[PDB]
């Protein structure tokens, strides 16, 4: 029988668990060497590469078809990192990447892909059965009286970094994660997981103030990557329920907050004027609270608080509309945001004052960062941060649009059209793009449907119109939103 964690007494703040036991992470499949017939060339002559160098060479060979393997930054980074993985004998022969011929390696990898879909019933069924025994042995964990699923237990294989957009580190080598890089987290009364034969873990800790099971440091950015519980668990779902509850508490406080920031545009001090114009953008246009990145780590992308002077172009009268602000920046994942939006009279006058005596490279809202904006938002409502406005706007627009687009006389397949049409409006507001059915050509429903929309709004909609939840939510989503699907009436109001 399935566990209804939502009927339980809410888990206390501070300590995340009392008990934790798991079988550790599943390491990336080992490197299968190149056979004798698959040769590498340098200056037209054959050259057998050492195992370490040959492994790095394969990553490039597999990506050879893409246009990014011809870029300055990619090639510079790849070659620099391939030098480290070479022997002193190889370092003296291989001076540049351009005299290297990977074409034969590339052909073998295409040949293996063509040979992988031609497998028998003893190969196609066997590998899918060894994946199932792996899913049941390492894909589950015990955390406080119950067996819950683990998210991504299979650690990512080594390769070359690409990232999203115009990334400075594209082409850098993602190293193979070893047991000696793993920090295991579990309880003192639990059976500490066994490392692969011949190896030992980096650390075995017992921190109950955190929710992760396994952690390590990746080399590209230096940040800690984690292995946590799947979305269907108590620890993730309760936090997901609390996120929506916070957005619901902002609903009965928004009119009071909107009136306050409208008055703040007139204030004597500029520290308050900028804070209010930035909050106006976050409320109206659902922008992300733009944190400050370190120059040269990730692609140059901004958000609301990190907006520069060059990202906006002021127009008093354009297209027959008053006070137009033309936004043109790259948001998260290098997705372009473009909107010609008519603002209030005081907001336009304020933006003119913020763009004065400044160069294009300078920050628009100086004397303001994400911490100052969130410190103020905490003084208005408890637990309020800038991303709560995005959750609020997305969820309320779905509720509003579902009421507006669903009609009583329509059939079940036609009602699904209306749900997806309401979901479309949420994706346009949140700027969730999908690169090139005529409507949803450039729009992506996935991100909002799972991160942004209180699932109870959908469960309420479904029980009202007689649409079974399986027509809206698939197998995996139904498990993530189980709390909502069980506990929720037709009368749910955000």
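Numbering follows the first chain given and starts at 1.
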Q) What is the count, as a class, of unmodelled deposited residues between residue 436 and residue 437: none, 1 to 3, 4 to 9, or 10 or more? A) 10 or more
Q) If you average the CA temperature factors over each stretch, which comes out higher, 391-399 or 323-331? A) 323-331
Q. For the stretches 223-231 and 86-94, which has the higher mean C-alpha B-factor as given in the deposited record?
A. 86-94
(Q) Highest Cα temperature factor in the entry, among the options 384, 115, 279, 142: which one is it? (A) 115
Q: Among 191, 288, 262, 243, single out the one with the highest C-alpha B factor in the record, please.
A: 262
(Q) Based on the deposited C-alpha B factors for this chain, I'd like to know if residue 46 is in the lowest, middle or highest third. (A) highest
(Q) When the deposited Cα B-factors of this chain's modelled residues are ordered and cut into thirds, is residue 458 in the lowest, the middle or the highest one? (A) lowest
Q: Determine, from the deposited record, the chain-internal third of the Cα B-factor for residue 157: lowest, middle or highest.
A: lowest
Q: For residue 296, return the chain-relative third of its C-alpha B-factor as stated in the PDB record: lowest, middle or highest.
A: highest
Q. So where's residue 351 on the chain's Cα temperature factor ranking, which third?
A. highest
